[PDB]
């Protein structure tokens, strides 16, 4: 509950909007389907081809938007981290209002595409802000707060969706409740109020920018004040000197015309960047978004509306609760060890499920095992790979490519989200065993990847990497 902790709370407000925006549409989609009358032409008003295609575009728009958001964020952060947060809040305020008043597939598609862009901004900005506003020994611990409120956002959106009539019947013709028509729009409108809270927090209490940013553009004295404020100490010679060395290397870098595109042709920098993009993209091959995006579609085959609803609530609850231990584990045991154990937990989840489905595709025992395996996969991901990745991406790079490569890696993550989710939706309908055996193989490969190539980044100074040492960065 330090000061640096009030500051990360201010940044985690955007992380709450992150999680909320990702899961809000999925929660109340069926209501939109009936109201917008996407399948009013056919007998079934909830299940038709038109709904499937348009829902695919809606999900794709968020992912694509997130890709663009991550790319632009690399350029936007240059003018400030706190500035990025302010822009995010102002942006989400209008986008949420716009989404609240949509009446057609095109306007809501446009709204979600924008909402995705804001998400891509949050993906890079918030973990970077927390990175430069916390103690080096407590970076990881607070870095979990980012993932924590993401998880919390996903949970709150599901909880608010319980105020609904728990869904309209697919074969019925009963019109929605006037309350239900109002409430799903209000759910879209809720992050506008949250955005206002985010703006108020930054402009009233947390006016300062990060000490790293302030020092980088000349504000040395003002950098000292915010540095002394977050550390609660008059003597801040060591972290200031760490920033001074990082910034000086940035100045030498700009002189050598070093950029992300230029560093890629340098084998020393290419190595750490490729490793960063690999680790970032491999988070999606855990299949976590397959569950997040299609929680209803996955269990619609052997579970009814009420149980799917209960399952959704419990899944998001566990996904949120199991994030808390990461605050202690990430720093105490390290990031690499947690990643390795996380991969083991993922393997333990998918491989027995793959074997069970291969033996018998329609066994009752398989259905039950699939439910338990879900929670095993959720607990494993929520405690490790989820939180750690965004913490690691802002600890593994030298200062010259610190922000740019982190943005590139974040972009790859959302690109892989497109690569994993949509084909998985097609595969799991044909043969779940094949999809589950691919995830098992990927879980093993990811284990070996981290085990052999990934180094620990705990307690590292700002702008330092375990891969490239200071003197080695000078010859470049």
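Residue numbers count along the first chain shown, from 1.
Between the stretches 151-159 and 134-142, it is 134-142 that shows the larger average CA temperature factor. The PDB entry records a higher mean C-alpha B factor for 38-46 than for its counterpart among 58-66 and 38-46.
Highest C-alpha temperature factor among 402, 106, 112, 217 per the entry: 217.
In the PDB entry, a CA B factor belonging to the middle third of its chain's modelled residues is recorded for residue 52.
Sort the modelled residues of the chain by CA B factor and residue 226 lands in the highest third. Annotation for residue 176: C-alpha temperature factor in the middle third relative to the rest of the modelled chain, per the entry.
In this PDB entry, the Cα temperature factor of residue 298 sits in the top third of its chain's modelled residues, the highest group. For residue 185, the recorded CA B-factor ranks within the lowest third of the chain. Only modelled residues enter the ranking.
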